[PDB]
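Below: one structure, written as structure tokens.
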Amino acid sequence: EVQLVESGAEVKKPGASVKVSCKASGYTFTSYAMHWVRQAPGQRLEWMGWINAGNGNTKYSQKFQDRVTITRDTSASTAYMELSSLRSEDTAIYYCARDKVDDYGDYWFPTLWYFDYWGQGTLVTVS
Amino acid sequence: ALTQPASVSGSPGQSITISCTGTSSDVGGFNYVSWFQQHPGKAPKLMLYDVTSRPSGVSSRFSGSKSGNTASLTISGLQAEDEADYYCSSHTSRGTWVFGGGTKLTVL
Amino acid sequence: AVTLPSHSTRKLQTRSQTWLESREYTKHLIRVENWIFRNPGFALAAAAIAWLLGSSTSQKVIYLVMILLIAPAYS
Amino acid sequence: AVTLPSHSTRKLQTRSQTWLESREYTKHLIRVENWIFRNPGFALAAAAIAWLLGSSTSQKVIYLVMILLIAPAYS
Amino acid sequence: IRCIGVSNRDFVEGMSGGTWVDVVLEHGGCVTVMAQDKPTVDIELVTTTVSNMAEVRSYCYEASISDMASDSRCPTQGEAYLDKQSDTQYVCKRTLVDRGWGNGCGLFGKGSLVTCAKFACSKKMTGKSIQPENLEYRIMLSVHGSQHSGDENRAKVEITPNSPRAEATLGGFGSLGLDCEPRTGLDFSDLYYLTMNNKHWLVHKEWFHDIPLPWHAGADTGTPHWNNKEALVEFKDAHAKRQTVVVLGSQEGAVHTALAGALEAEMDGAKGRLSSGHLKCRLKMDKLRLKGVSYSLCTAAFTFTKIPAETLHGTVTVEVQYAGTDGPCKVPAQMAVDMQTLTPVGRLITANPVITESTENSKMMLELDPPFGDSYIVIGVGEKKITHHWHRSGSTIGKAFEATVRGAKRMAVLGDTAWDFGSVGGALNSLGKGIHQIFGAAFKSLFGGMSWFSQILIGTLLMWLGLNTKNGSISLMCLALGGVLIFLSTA
Amino acid sequence: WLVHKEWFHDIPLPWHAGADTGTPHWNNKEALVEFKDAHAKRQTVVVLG
Amino acid sequence: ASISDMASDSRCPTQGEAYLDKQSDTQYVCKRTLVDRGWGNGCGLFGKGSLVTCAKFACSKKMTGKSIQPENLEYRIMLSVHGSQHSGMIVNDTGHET
Amino acid sequence: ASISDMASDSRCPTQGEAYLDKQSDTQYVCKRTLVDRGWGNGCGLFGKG
């Protein structure tokens with residue numbers, strides 16, 4: 001059924017930039033918005049932003065407003081998240097979660113069940 | 001951003017409650033309250049959305065409540081396969097998502 | 001150019017708002033009021049010209065208003 | 001924005017020509033002629049409303065002309 | 001569902017043919033259809049996209065002039081000649097200039113001066129033609145009943161002039177037929193699709209053909225040949241001996257203010273979606289069944305999960321939770337006063353409400369149309385029936401007045417098609433529609449070139465005129481006034 | 001251009017006033033931005049051209 | 001003008017009014033309106049809620065006026081005399097001081 | 001209420017209008033008026049600044 005699979009784990013030195021994909025399967029990719037959530041080791045989850053795969057609008061959190069760029073590839077059914085200027089704090093696991101987009105094609109209000117399906121995770125190690 | 005207890009423990013067979021205190025912009029005003037269960041290794045699983053409401057393939061033991069600025073997840077009949085991390089999340093008024101600190105439940 | 005016909009003539013009628021809907025009433029009222037405020041003496045000129053036209057009182061007041069409207073637009 | 005008062009009100013009078021001097025008269029005439037050509041039935045409506053106003057013939061003709069000028073500008 | 005909180009939804013209660021009911025769908029609101037023995041269906045028009053539009057008459061709103069040149073001849077010589085005059089890329093202007101005895105040409109007449117300058121565009125705002133084909137409406141359907149507060153209960157129908165009628169298959173409820181009129185929706189073939197720079201509008205044909213700017217018809221490629229070649233170029237005259245050429249700047253905010261009353265639109269890819277319109281579908285509800293009937297009543301205890309909220313139109317939404325496990329079973333729900341004698345008062349605009357799942361705790365959402373007094377929502381059979389207190393504000397007179405106001409606004413927005421909202425069909429409806437067509441054609445011919453300033457003015461003028469004209473035309477002028485001024489104050 | 005007073009004061013555009021020091025401060029700001037309310041649900045902001 | 005990062009804030013039918021932290025910034029244009037809300041959207045009540053939208057305003061093109069006092073205006077009057085000048089020196093501007 | 005460090009700005013009779021850099025701050029109450037100025041105060045003109 002619904003399956004979100006991310007790229008494998010990656011190790012990067014500080015100052016570099018990571019790009020992690022999230023391939024979606026089992027549903028219409030164009031009618032869903034993809035959120036990216038980072039979890040530090042044994043800490044709270046951190047919402048980073050979302051991208052509306054339909055038209056392409058994005059919204060990032062204030063904490064990552066000028067460090068993260070999320071893009072998508074509909075034909076390949078993939079959502080990429082790129083984080084630049086890595087720091088030692090950025091050593092964490094990155095998950096992708098779907099959410100249904102309104103029938104008008106906009107993503108103003110999210111649906112009650114936001115993160116019904118998640119990705120398995122991808123460890124980014126900042127050394 | 002959401003105040004959650006560090007850990008909660010209970011013997012198998014009894015009920016327990018995990019609270020989640022927020023502000024008047026995320027938990028106080030909206031029914032946008034969700035509870036996720038995460039076993040170690042696996043990704044989080046949506047246990048409750050819409051405060052009380054819960055998905056299809058979820059045991060009816062999990063219940064949700066909300067009073068003022070505090071939401072609460074209640075597990076009656078604590079089973080074995082319940083030792084995991086429980087996170088509360090809320091969609092703020094400004095259109096952003098906030099998660100809870102995290103609660104490690106131990107069935108002993 | 002200079003003319004640029006307005007589309008409010010052919011206003012598309014629907015449930016949703018049109019392009020610049022909130023601005024129409026204030027648009028015309030502001031134009032008229034500003035011209036009259038900058039040039040007050042033409043109130044007297046138009047009053048005289050309306051009085052010399054039209055038999056009854058209501059005809060004269062209608063002439064006054066129509067002159068005071070047709071002047072700020074130079075229509 | 002939308003109003004942007006025209007400067008021809010305060011036209012600077014000199015020997016030399018002003019900014020856009022070749023376009024003023026044709027400007028207003030073109031606006032009026034275009035609007036009347038697009039909406040012909042209002043000629044009938046204005047003729048009727050002018051006929052119902054004003055005693056003499058001259059007052060009715062002046063009412064007709066002032067309506068046909070005040071309508072294209074929505075002044 | 002999908003209609004509850006919309007605040008511009010209308011109820012089409014009633015079906016006098018046991019069959020199809022006509023309904024006019026609009027982008028703003030949605031329609032809940034409730035028949036005798038059929039489930040309440042919520043219908044909404046969601047998007048209308050236009051695709052592969054042909055290109056017509058691009059305009060140039062930001063020009064630029066490249067290289068100026070000029071020529072003069074002494075007063076009694078031929079005319080000033082520039083080789084660039086026969087070049088159709090150059091704007092050329094000819095005038096008279098003071099010459100003689102100082103400029104090396106011995107005579108004191110006026111001489112001829114020619115100035116030519118190369119024309120180069122920028123931006124090229126473009127309009128496109130919307131044909132009846134390549135246009136598509138999307139209609140979303142939902143069905144009341146077992147649905148939770150948050151598919152076999154919802155459907156999506158695409159309607160294009162190639163396939164005007166469709167059937168939405170709602171599993172277990174049967175199938176709802178929509179026989180629709182796509183071609184006569186918003187009277188395209190008078191509207192063009194205009195873009196300036198990543199902003200798109202729906203615009204009238206005549207407005208677009210009456211706009212003074214350099215233009216060229218057809219699709220663009222390479223360096224086009226711009227027409228008119230002025231209204232962007234000004235040949236100003238110096239102290240009777242020179243000519244200067246300037247361009248007017250960028251003409252874009254002037255067009256933005258000229259486009260007042262034109263509809264916005266948003267384009268993704270080649271397809272551009274409109275956000276306002278209307279359509280008219282006839283609903284064949286002759287294969288709609290009731291999933292619930294022939295279920296035994298639920299015998300357990302219900303709880304109120306949240307509350308019985310009140311929608312804007314007075315209906316109550318109740319979300320209940322079921323504790324027993326009886327399988328699919330009817331929900332006994334009613335609106336009552338005097339708990340002693342439970343007499344059903346009001347109407348339940350929900351199905352013979354049913355719980356679908358068979359688990360410990362299930363959830364349900366049903367909506368009710370209560371009476372104007374105080375009442376109690378009674379859910380359950382006996383000795384376990386939960387009840388909630390509920391108070392409704394209005395009165396039947398206020399309800400009828402608001403219904404007349406809504407009908408008047410619908411008429412102001414939808415002309416004659418307004419008569420097709422409950423168009424089950426008689427002879428009074430068709431007569432009203434015919435005379436409305438006639439009066440609307442006459443009104444659009446006479447008035448309808450005016451926009452809330454011209455209309456308010458001429459309405460007040462006709463008001464006074466009909467007040468004092470002292471004839472049988474008094475009523476005529478007062479009715480024409482009322483039409484105009486209501487069309488205005490609808491807003 | 002040479003312009004008359006009272007044509008340069010009756011203009012509906014966002015205006016600073018005199019001293020330009022740092023990050024400018026435009027006084028009007030509602031004559032170049034249009035807030036279109038979509039259908040019930042949202043709001044969008046555009047600028048005039 | 002040029003516009004920039006928009007943001008918005010919404011509240012349930014029976015609450016206060018929406019407030020963005022970027023309303024206390026004199027570089028943002030903000031507008032407040034009413035929006036359909038309730039239950040589905042995720043807030044439980046059905047009235048009209050309140051929505052605020054703000055966008056950052058920047059000017060890429062500017063236009064300036066300057067005041068002219070009737071002092072410090074200089075006029076240049078050119079004078080010539082008949083008599084000995086030949087036709088050539090009609091439109092010649094050169095060292096006229098000599 | 002409580003008020004705090006007041007400040008002011010002024011312009012010669014024929015200049016623009018006074019502008020304090022703290023008018024771009026939404027924590028300050030600001031008011032603009034006209035003052036008699038000239039030729040004694042250090043502005044050579046005699047109108048109202």
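Chain labels run A, B, ... following the order of the structure tokens; each chain numbers its residues from 1, and ligands are numbered from 1 in the order shown.
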
Superposed chain C (ref. Chain D, all C-alpha pairs in order) as a short mmCIF file (atom, residue, chain, number, x, y, z; two decimals) with N, CA and C atoms, in the first residue's frame:
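Okay, this is what ended up in part.cif:
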data_model
loop_
_atom_site.label_atom_id
_atom_site.label_comp_id
_atom_site.auth_asym_id
_atom_site.auth_seq_id
_atom_site.Cartn_x
_atom_site.Cartn_y
_atom_site.Cartn_z
N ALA C 1 -1.93 54.17 -7.45
CA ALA C 1 -3.24 53.66 -7.09
C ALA C 1 -4.19 53.71 -8.26
N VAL C 2 -5.47 53.87 -7.95
CA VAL C 2 -6.50 53.87 -8.98
C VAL C 2 -6.91 55.28 -9.37
N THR C 3 -6.81 56.25 -8.46
CA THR C 3 -7.32 57.59 -8.74
C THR C 3 -6.32 58.40 -9.57
N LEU C 4 -5.14 58.68 -9.01
CA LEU C 4 -4.07 59.38 -9.72
C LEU C 4 -4.55 60.68 -10.36
N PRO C 5 -4.68 61.75 -9.59
CA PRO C 5 -5.24 62.99 -10.13
C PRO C 5 -4.48 63.48 -11.35
N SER C 6 -5.22 63.93 -12.35
CA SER C 6 -4.61 64.44 -13.57
C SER C 6 -4.01 65.81 -13.34
N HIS C 7 -2.92 66.09 -14.05
CA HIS C 7 -2.27 67.39 -13.98
C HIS C 7 -2.81 68.39 -14.98
N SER C 8 -3.63 67.94 -15.93
CA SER C 8 -4.23 68.88 -16.87
C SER C 8 -5.12 69.90 -16.17
N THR C 9 -5.53 69.61 -14.93
CA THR C 9 -6.20 70.62 -14.11
C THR C 9 -5.30 71.83 -13.90
N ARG C 10 -4.06 71.59 -13.51
CA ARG C 10 -3.10 72.65 -13.21
C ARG C 10 -2.13 72.87 -14.36
N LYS C 11 -2.62 72.80 -15.60
CA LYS C 11 -1.76 72.90 -16.77
C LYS C 11 -0.89 74.14 -16.72
N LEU C 12 0.42 73.93 -16.75
CA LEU C 12 1.37 75.03 -16.74
C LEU C 12 1.37 75.71 -18.10
N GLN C 13 1.10 77.01 -18.13
CA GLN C 13 0.94 77.73 -19.38
C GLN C 13 2.23 78.45 -19.73
N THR C 14 2.75 78.17 -20.92
CA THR C 14 4.01 78.72 -21.40
C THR C 14 3.96 78.69 -22.92
N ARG C 15 5.01 79.24 -23.53
CA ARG C 15 5.09 79.22 -24.99
C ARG C 15 5.28 77.81 -25.52
N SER C 16 6.08 76.99 -24.83
CA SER C 16 6.40 75.65 -25.28
C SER C 16 5.27 74.68 -24.94
N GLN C 17 5.29 73.53 -25.62
CA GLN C 17 4.28 72.51 -25.39
C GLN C 17 4.47 71.85 -24.03
N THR C 18 3.39 71.31 -23.50
CA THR C 18 3.41 70.62 -22.22
C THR C 18 3.79 69.16 -22.44
N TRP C 19 3.65 68.32 -21.41
CA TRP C 19 4.18 66.96 -21.50
C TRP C 19 3.51 66.18 -22.62
N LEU C 20 2.21 65.97 -22.52
CA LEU C 20 1.47 65.23 -23.55
C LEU C 20 0.37 66.15 -24.03
N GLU C 21 0.71 67.01 -24.99
CA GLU C 21 -0.23 68.03 -25.43
C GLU C 21 -1.08 67.57 -26.59
N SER C 22 -0.49 66.83 -27.53
CA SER C 22 -1.21 66.44 -28.74
C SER C 22 -2.36 65.48 -28.47
N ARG C 23 -2.47 64.94 -27.26
CA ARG C 23 -3.35 63.81 -27.02
C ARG C 23 -4.62 64.15 -26.24
N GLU C 24 -4.82 65.39 -25.80
CA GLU C 24 -5.91 65.68 -24.88
C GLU C 24 -7.28 65.57 -25.55
N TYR C 25 -7.46 66.25 -26.67
CA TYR C 25 -8.76 66.27 -27.33
C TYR C 25 -9.16 64.88 -27.78
N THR C 26 -8.29 64.22 -28.54
CA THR C 26 -8.56 62.86 -28.96
C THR C 26 -8.76 61.94 -27.77
N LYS C 27 -8.05 62.19 -26.67
CA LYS C 27 -8.22 61.38 -25.47
C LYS C 27 -9.68 61.34 -25.04
N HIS C 28 -10.24 62.51 -24.76
CA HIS C 28 -11.60 62.52 -24.22
C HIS C 28 -12.63 62.10 -25.26
N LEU C 29 -12.48 62.57 -26.50
CA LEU C 29 -13.44 62.20 -27.53
C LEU C 29 -13.43 60.69 -27.78
N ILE C 30 -12.24 60.08 -27.77
CA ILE C 30 -12.13 58.65 -28.01
C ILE C 30 -12.77 57.87 -26.89
N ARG C 31 -12.54 58.28 -25.64
CA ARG C 31 -13.19 57.59 -24.53
C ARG C 31 -14.70 57.60 -24.68
N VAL C 32 -15.28 58.78 -24.90
CA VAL C 32 -16.73 58.89 -24.99
C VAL C 32 -17.26 58.09 -26.18
N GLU C 33 -16.65 58.27 -27.35
CA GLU C 33 -17.14 57.60 -28.55
C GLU C 33 -17.05 56.09 -28.42
N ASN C 34 -15.97 55.58 -27.82
CA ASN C 34 -15.83 54.14 -27.66
C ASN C 34 -16.89 53.58 -26.73
N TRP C 35 -17.13 54.25 -25.59
CA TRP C 35 -18.16 53.74 -24.69
C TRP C 35 -19.52 53.75 -25.36
N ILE C 36 -19.84 54.82 -26.09
CA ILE C 36 -21.15 54.90 -26.73
C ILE C 36 -21.29 53.83 -27.81
N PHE C 37 -20.21 53.57 -28.54
CA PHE C 37 -20.27 52.58 -29.62
C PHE C 37 -20.42 51.17 -29.07
N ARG C 38 -19.80 50.88 -27.93
CA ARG C 38 -19.94 49.53 -27.37
C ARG C 38 -21.32 49.32 -26.76
N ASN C 39 -21.93 50.38 -26.21
CA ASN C 39 -23.22 50.30 -25.54
C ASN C 39 -24.21 51.26 -26.19
N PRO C 40 -24.90 50.84 -27.26
CA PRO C 40 -25.79 51.77 -27.96
C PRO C 40 -27.12 51.98 -27.26
N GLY C 41 -27.65 50.95 -26.59
CA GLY C 41 -28.97 51.07 -25.99
C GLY C 41 -29.07 52.17 -24.95
N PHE C 42 -27.95 52.51 -24.32
CA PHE C 42 -28.02 53.60 -23.36
C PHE C 42 -28.29 54.93 -24.03
N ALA C 43 -28.07 55.05 -25.33
CA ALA C 43 -28.55 56.24 -26.03
C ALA C 43 -30.06 56.38 -25.88
N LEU C 44 -30.78 55.28 -26.09
CA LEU C 44 -32.23 55.29 -25.92
C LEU C 44 -32.62 55.54 -24.47
N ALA C 45 -31.92 54.89 -23.54
CA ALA C 45 -32.23 55.10 -22.13
C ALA C 45 -32.04 56.56 -21.73
N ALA C 46 -30.95 57.18 -22.18
CA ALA C 46 -30.68 58.57 -21.84
C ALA C 46 -31.65 59.50 -22.54
N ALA C 47 -32.05 59.18 -23.77
CA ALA C 47 -33.06 59.99 -24.45
C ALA C 47 -34.36 60.00 -23.66
N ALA C 48 -34.80 58.83 -23.20
CA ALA C 48 -36.02 58.76 -22.41
C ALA C 48 -35.88 59.55 -21.11
N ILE C 49 -34.77 59.35 -20.39
CA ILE C 49 -34.60 60.02 -19.11
C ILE C 49 -34.49 61.52 -19.28
N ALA C 50 -33.90 61.98 -20.39
CA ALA C 50 -33.82 63.41 -20.64
C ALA C 50 -35.17 63.98 -21.04
N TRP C 51 -35.95 63.22 -21.80
CA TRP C 51 -37.28 63.69 -22.18
C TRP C 51 -38.18 63.83 -20.96
N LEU C 52 -38.11 62.89 -20.02
CA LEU C 52 -38.93 63.02 -18.82
C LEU C 52 -38.46 64.13 -17.89
N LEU C 53 -37.29 64.72 -18.15
CA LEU C 53 -36.77 65.83 -17.37
C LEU C 53 -36.79 67.10 -18.21
N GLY C 54 -37.02 68.24 -17.56
CA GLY C 54 -36.86 69.48 -18.28
C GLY C 54 -38.06 69.88 -19.10
N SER C 55 -38.53 71.11 -18.92
CA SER C 55 -39.74 71.56 -19.60
C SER C 55 -39.48 71.80 -21.09
N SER C 56 -38.58 72.72 -21.41
CA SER C 56 -38.38 73.12 -22.79
C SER C 56 -37.55 72.08 -23.53
N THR C 57 -37.42 72.27 -24.85
CA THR C 57 -36.66 71.34 -25.67
C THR C 57 -35.17 71.46 -25.41
N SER C 58 -34.66 72.69 -25.31
CA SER C 58 -33.22 72.86 -25.12
C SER C 58 -32.77 72.30 -23.78
N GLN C 59 -33.59 72.44 -22.74
CA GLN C 59 -33.25 71.80 -21.47
C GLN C 59 -33.17 70.29 -21.61
N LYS C 60 -34.06 69.71 -22.41
CA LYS C 60 -34.03 68.26 -22.59
C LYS C 60 -32.81 67.82 -23.38
N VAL C 61 -32.41 68.59 -24.40
CA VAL C 61 -31.22 68.22 -25.16
C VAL C 61 -29.97 68.38 -24.31
N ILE C 62 -29.94 69.41 -23.46
CA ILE C 62 -28.80 69.58 -22.56
C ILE C 62 -28.74 68.44 -21.55
N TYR C 63 -29.89 68.01 -21.02
CA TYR C 63 -29.91 66.85 -20.15
C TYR C 63 -29.41 65.61 -20.88
N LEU C 64 -29.83 65.42 -22.13
CA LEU C 64 -29.38 64.28 -22.91
C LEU C 64 -27.86 64.28 -23.04
N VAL C 65 -27.29 65.42 -23.43
CA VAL C 65 -25.85 65.49 -23.64
C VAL C 65 -25.10 65.29 -22.32
N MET C 66 -25.59 65.89 -21.24
CA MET C 66 -24.88 65.77 -19.98
C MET C 66 -24.96 64.35 -19.42
N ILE C 67 -26.06 63.64 -19.65
CA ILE C 67 -26.12 62.23 -19.26
C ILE C 67 -25.19 61.40 -20.13
N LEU C 68 -25.23 61.62 -21.44
CA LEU C 68 -24.39 60.88 -22.36
C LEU C 68 -22.91 61.17 -22.17
N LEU C 69 -22.57 62.22 -21.43
CA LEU C 69 -21.19 62.48 -21.07
C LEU C 69 -20.84 61.94 -19.69
N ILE C 70 -21.76 62.04 -18.73
CA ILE C 70 -21.49 61.59 -17.38
C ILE C 70 -21.55 60.08 -17.25
N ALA C 71 -22.11 59.38 -18.23
CA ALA C 71 -22.13 57.92 -18.14
C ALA C 71 -20.80 57.28 -18.54
N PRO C 72 -20.21 57.60 -19.71
CA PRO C 72 -18.96 56.92 -20.09
C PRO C 72 -17.84 57.09 -19.09
N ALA C 73 -17.84 58.16 -18.31
CA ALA C 73 -16.83 58.34 -17.28
C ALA C 73 -17.25 57.77 -15.94
N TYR C 74 -18.53 57.41 -15.78
CA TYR C 74 -19.08 56.98 -14.49
C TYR C 74 -18.72 57.96 -13.39
N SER C 75 -18.61 59.24 -13.75
CA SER C 75 -17.97 60.23 -12.91
C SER C 75 -18.66 60.43 -11.59
#

Up to 10 Å from chain F, what residues of chain E turn up? Count only C-alpha atoms and give them as a PDB file with C-alpha atoms, in the first residue's frame.
ATOM      1  CA  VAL E   6     -19.455  26.211   4.116  1.00  0.00           C
ATOM      2  CA  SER E   7     -21.735  29.134   5.135  1.00  0.00           C
ATOM      3  CA  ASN E   8     -22.955  29.466   1.530  1.00  0.00           C
ATOM      4  CA  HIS E  27     -17.873  27.964  -7.098  1.00  0.00           C
ATOM      5  CA  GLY E  28     -18.730  29.852  -3.930  1.00  0.00           C
ATOM      6  CA  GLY E  29     -21.105  27.418  -2.288  1.00  0.00           C
ATOM      7  CA  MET E 196       0.847  39.747 -18.272  1.00  0.00           C
ATOM      8  CA  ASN E 197       3.691  38.275 -16.196  1.00  0.00           C
ATOM      9  CA  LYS E 199      -0.621  36.659 -13.495  1.00  0.00           C
ATOM     10  CA  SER E 250       5.830  50.205 -18.706  1.00  0.00           C
ATOM     11  CA  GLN E 251       2.052  50.725 -18.915  1.00  0.00           C
ATOM     12  CA  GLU E 252       1.482  47.838 -16.500  1.00  0.00           C
ATOM     13  CA  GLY E 253      -0.143  49.408 -13.450  1.00  0.00           C
ATOM     14  CA  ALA E 254      -2.363  51.312 -15.854  1.00  0.00           C
ATOM     15  CA  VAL E 255      -3.568  47.975 -17.223  1.00  0.00           C
ATOM     16  CA  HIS E 256      -3.880  46.579 -13.694  1.00  0.00           C
ATOM     17  CA  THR E 257      -6.282  49.382 -12.794  1.00  0.00           C
ATOM     18  CA  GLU E 264      -8.540  36.293 -11.468  1.00  0.00           C
ATOM     19  CA  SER E 275     -11.751  30.220  -9.259  1.00  0.00           C
ATOM     20  CA  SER E 276     -15.235  31.492 -10.124  1.00  0.00           C
TER      21      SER E 276
END

Taking only C-alpha atoms into account, produce a table as a Markdown table in which each residue of chain E with an atom at most 8 Å from an atom of chain A appears once, together with its shortest atom pair and the distance in Å to one decimal, ordered by chain and rising number.
| residue | atom | partner | partner_atom | distance |
| --- | --- | --- | --- | --- |
| E:46 | CA | A:104 | CA | 5.9 |
| E:47 | CA | A:104 | CA | 6.5 |
| E:150 | CA | A:112 | CA | 6.5 |
| E:268 | CA | A:55 | CA | 6.7 |

Those same residues - C-alpha atoms - I'd like them written as a PDB file, in the first residue's frame.
ATOM      1  CA  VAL E  46     -14.483  22.481  -7.200  1.00  0.00           C
ATOM      2  CA  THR E  47     -12.333  23.483 -10.190  1.00  0.00           C
ATOM      3  CA  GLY E 150     -12.993  13.651   9.758  1.00  0.00           C
ATOM      4  CA  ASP E 268      -0.213  25.585 -13.437  1.00  0.00           C
TER       5      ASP E 268
END

Report the residues of chain C whose backbone DSSP state falls under helix (DSSP H, G or I), written as a ChimeraX atom specification. /C:8-10,24-38,41-51,57-70

Store the residues picked out above, limited to C-alpha atoms, as a tab-separated table (two decimals), in the first residue's frame.
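New file result-v2.tsv:
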chain	number	residue	atom	x	y	z
C	8	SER	CA	-15.87	47.69	-14.87
C	9	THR	CA	-18.20	48.29	-17.81
C	10	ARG	CA	-18.17	44.54	-18.57
C	24	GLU	CA	-14.63	51.16	-6.89
C	25	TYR	CA	-16.83	53.32	-4.67
C	26	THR	CA	-13.97	55.07	-2.91
C	27	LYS	CA	-12.31	55.46	-6.32
C	28	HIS	CA	-15.01	57.62	-7.84
C	29	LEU	CA	-15.95	59.47	-4.65
C	30	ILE	CA	-12.31	60.32	-3.96
C	31	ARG	CA	-11.75	61.64	-7.47
C	32	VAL	CA	-14.79	63.93	-7.30
C	33	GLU	CA	-14.16	65.11	-3.74
C	34	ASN	CA	-10.50	65.86	-4.41
C	35	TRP	CA	-11.22	67.91	-7.52
C	36	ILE	CA	-13.95	69.87	-5.74
C	37	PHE	CA	-11.73	70.51	-2.72
C	38	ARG	CA	-8.84	71.80	-4.83
C	41	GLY	CA	-14.91	78.48	-6.90
C	42	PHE	CA	-16.34	76.20	-9.54
C	43	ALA	CA	-19.03	75.31	-7.01
C	44	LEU	CA	-20.21	78.92	-7.34
C	45	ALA	CA	-19.80	78.86	-11.11
C	46	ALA	CA	-21.85	75.67	-11.40
C	47	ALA	CA	-24.50	77.00	-9.03
C	48	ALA	CA	-24.94	80.06	-11.22
C	49	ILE	CA	-25.00	78.06	-14.46
C	50	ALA	CA	-27.53	75.62	-13.00
C	51	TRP	CA	-29.73	78.44	-11.71
C	57	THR	CA	-36.05	73.89	-8.45
C	58	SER	CA	-35.43	70.16	-8.82
C	59	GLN	CA	-34.31	70.62	-12.42
C	60	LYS	CA	-31.84	73.24	-11.23
C	61	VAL	CA	-30.46	71.01	-8.47
C	62	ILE	CA	-30.11	68.14	-10.94
C	63	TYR	CA	-28.26	70.46	-13.33
C	64	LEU	CA	-26.00	71.51	-10.45
C	65	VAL	CA	-25.16	67.93	-9.52
C	66	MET	CA	-24.62	66.82	-13.11
C	67	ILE	CA	-22.28	69.75	-13.79
C	68	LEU	CA	-20.42	69.16	-10.53
C	69	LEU	CA	-19.95	65.55	-11.65
C	70	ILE	CA	-19.11	66.14	-15.32

Please report as a PyMOL selection string which residues of chain G come no farther than 7 Å from chain E, using only C-alpha atoms. chain G and resi 36-38+40+45-47+87-88+90-91

Students should find that CA of residue 392 in chain E and CA of residue 370 in chain E are spaced 7.5 Å

Could you give me, as an MDAnalysis selection string, the residues within 10 Å of residue 69 in chain A, counting only C-alpha atoms and dropping anything in the same chain fewer than 3 positions from it? chainID A and resid 19 49:51 58:60 64:66 80:84

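Taking only C-alpha atoms into account, chain A lies nearest to G:10 out of the set G:10, G:33, G:26, G:50.
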
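For the atom pair formed by CA of residue 37 in chain E and CA of residue 289 in chain E, the distance is 7.7 Å, given to one decimal.
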
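Relative to CA of residue 2 in chain B, CA of residue 90 in chain B is found at 8.6 Å.
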
Using only C-alpha atoms, find which residues of chain H lie within 9 Å of chain F and jot them down as an MDAnalysis selection string. chainID H and resid 15:21 23:24

Prev. selection, N, CA and C atoms, output as a compact mmCIF listing (two decimals), in the first residue's frame:
# COMPACT_ATOMS: atom_id res chain seq x y z
N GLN H 15 11.46 72.81 3.50
CA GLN H 15 12.18 71.55 3.42
C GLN H 15 11.09 70.50 3.34
N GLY H 16 11.40 69.26 3.65
CA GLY H 16 10.34 68.28 3.61
C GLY H 16 9.51 68.33 4.87
N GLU H 17 9.34 67.18 5.52
CA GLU H 17 8.71 67.11 6.82
C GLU H 17 9.67 66.42 7.77
N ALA H 18 9.53 66.71 9.05
CA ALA H 18 10.40 66.09 10.02
C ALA H 18 10.16 64.59 10.06
N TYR H 19 11.24 63.83 10.19
CA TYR H 19 11.13 62.38 10.25
C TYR H 19 12.13 61.86 11.27
N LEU H 20 11.62 61.29 12.35
CA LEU H 20 12.43 60.61 13.34
C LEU H 20 12.59 59.15 12.95
N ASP H 21 13.80 58.62 13.12
CA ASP H 21 14.02 57.22 12.76
C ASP H 21 13.24 56.27 13.65
N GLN H 23 9.98 56.51 14.04
CA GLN H 23 8.64 56.36 13.51
C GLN H 23 8.45 55.03 12.81
N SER H 24 9.54 54.35 12.46
CA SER H 24 9.49 53.01 11.91
C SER H 24 9.48 51.95 13.00

Would you give me, as JSON, numbers by chain, the residues in chain A that DSSP reads as strand (DSSP E or B)? {"A": [3, 4, 5, 6, 10, 11, 12, 18, 19, 20, 22, 23, 24, 25, 32, 33, 34, 35, 36, 37, 38, 39, 45, 46, 47, 48, 49, 50, 51, 52, 58, 59, 60, 68, 69, 70, 71, 72, 73, 78, 79, 80, 81, 82, 83, 92, 93, 94, 95, 96, 97, 98, 99, 100, 118, 119, 123, 124, 125, 126]}

Residues of chain B within 7 Å of chain A, only C-alpha atoms counted, as a PyMOL selection string: chain B and resi 32+42-43+46+49-50+97-102

Selection: 6 Å around range 55-64 of chain G, only C-alpha atoms, excl. self and same-chain fewer than 2 positions, as a list in words: residues 1, 2, 3, 4, 5, 6, 27, 28 and 29 of chain G
